[PDB]
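Read the structure below first, then the notes.
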Amino acid sequence: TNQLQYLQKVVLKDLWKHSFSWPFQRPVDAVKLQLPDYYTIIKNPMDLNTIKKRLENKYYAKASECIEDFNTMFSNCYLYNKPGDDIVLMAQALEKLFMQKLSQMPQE
Ligand SMILES: COc1cc(C(=O)NC2CCN(C)CC2)ccc1Nc1ncc2c(n1)N(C1CCCC1)CC(F)(F)C(=O)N2C
């Protein structure tokens, strides 16, 4: 849980506080957003709120599962959209800030 503790108390908390994380704090509502074939293209939707709940509920056994959830959220966004898009620019800056806090996680 030590790494998992750091993911929840440091990484998630820091990522959520960035103003441009707002698109990622809730699951993508493909209908209200009028997104065609979102659910056909993205078969594992993921978002920060779900990661929060999973960490609150100790859904994760190992830190690695949680890291994969962060990455899935990013890579879903990179796959469905195009380079240069606003939403991609936001994900890219969020991931850079993710990688930085993750690089200071307790070792081992
Ligand atoms: C909160 O509701 C929204 C409202 C508005 C909204 O109403 N914006 C207007 C209001 C203010 N003006 C100024 C600009 C338009 C825009 C987006 C919203 N939400 C959202 N959340 C997440 C995604 C997303 N959108 N996407 C965006 C990119 C292109 C249009 C959807 C693409 C995506 F594929 F779903 C994706 O990967 N993500 C992560």
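For this chain, numbers begin at 1 and follow the sequence in order. Side chains included, hydrogens not; waters and symmetry mates left out as well; all remaining heavy atoms used.
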Kindly work out whether a path of hydrophobic side-chain contacts (I/L/V/M/F/W/Y, heavy atoms less than 4.5 Å apart) joins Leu48 to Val10.
yes
Say you draw a straight line from OH of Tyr6 to OG1 of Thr1; how long is it, rounded to the nearest 0.5 Å?
16.0 Å
Apply the test side chain to side chain contact (heavy atoms under 4.5 Å, CB included) to residues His18 and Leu94: give CA-CA distance (whole Å), side-chain angles for both, the deciding distance (0.1 Å), then the verdict.
CA-CA 8 Å; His18 297 301; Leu94 284 178; 4.2 Å; yes
Side-chain H-bond candidate by donor/acceptor type, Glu95 with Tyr78, under 3.5 Å
yes
Within 6.0 angstrom of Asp14 CG, more than 12 heavy atoms from elsewhere
yes
Linking I/L/V/M/F/W/Y whenever any side-chain heavy atoms sit under 4.5 Å apart, do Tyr39 and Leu33 land together?
yes
If you define the side chain from C-beta out and look only at heavy atoms, does anything of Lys96 sit under 4.5 Å from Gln100?
no
Begin from the C-alpha positions of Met46 and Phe74 and carry the test side chain to side chain contact (heavy atoms under 4.5 Å, CB included) through to its verdict.
CA-CA 9 Å; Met46 182 51 59; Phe74 297 130; over 6 Å; no
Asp69 meets the salt bridge (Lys or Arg N to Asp or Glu O under 4.0 Å) criterion, sequence neighbours left out, with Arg54
Atom CD of residue position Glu56 - does it have more than 12 heavy atoms of other residues, nucleotides or ligands inside 6.0 Å?
yes
Is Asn57 atom CG crowded by more than 12 heavy atoms from other residues, nucleotides or ligands, each under 6.0 Å away?
yes
4.5 Å side-chain heavy-atom contact, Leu79 and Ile42:
yes
In the single-linkage hydrophobic clustering (I, L, V, M, F, W, Y; side-chain heavy atoms under 4.5 Å), do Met73 and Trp22 co-cluster?
yes
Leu7 side, atom CG; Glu65 side, atom CD - distance, nearest 0.5 Å:
11.0 Å
Measure the spacing between CG of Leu97 and NZ of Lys101 and express it to the nearest 0.5 Å.
9.0 Å
Does the side chain of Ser21 come under 3.5 Å of the side chain of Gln25 through a donor N or O and an acceptor N or O?
yes
Return the minimal non-hydrogen interatomic distance between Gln3 and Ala63, and the atom names on each side.
OE1-CB, 3.5 Å
Quick check: does any side chain N or O of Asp85 sit under 3.5 Å from a backbone N or O of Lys82, one acting as donor and the other as acceptor?
yes
N/O donor-acceptor pair under 3.5 Å between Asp29 side chain and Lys32 backbone:
yes
Side chains of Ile67 and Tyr60, heavy atoms from C-beta outward: is any pair under 4.5 Å?
no
To the nearest 0.5 Å, how far apart are OG1 in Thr72 and CG in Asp47?
11.5 Å
Please tell me whether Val28 and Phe24 are part of a single hydrophobic cluster in this structure, the criterion being side-chain heavy atoms less than 4.5 Å apart.
no
Consider only side-chain heavy atoms of I, L, V, M, F, W and Y, link residues closer than 4.5 Å, and tell whether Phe70 and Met105 are in one cluster.
yes
Less than 4.5 Å apart, side chain to side chain, heavy atoms only: is that true for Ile41 and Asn76?
no
Please report the shortest heavy-atom distance between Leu55 and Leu4, naming the atom on each side.
CD2-O, 3.8 Å
Is there a side chain to side chain contact (heavy atoms under 4.5 Å, CB included) between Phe98 and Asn71 once you walk through the steps?
CA-CA 10 Å; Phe98 174 68; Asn71 277 103; 4.3 Å; yes
Could you check if a side-chain atom of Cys77 sits within less than 4.5 angstrom of a side-chain atom of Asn81, using non-hydrogen atoms only?
yes
Decide if atom NZ of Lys43 counts as having more than 12 heavy atoms of other residues, nucleotides or ligands within a radius under 6.0 Å.
yes
So, do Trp16 and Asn49 sit near enough that their side-chain heavy atoms are less than 4.5 Å apart?
yes
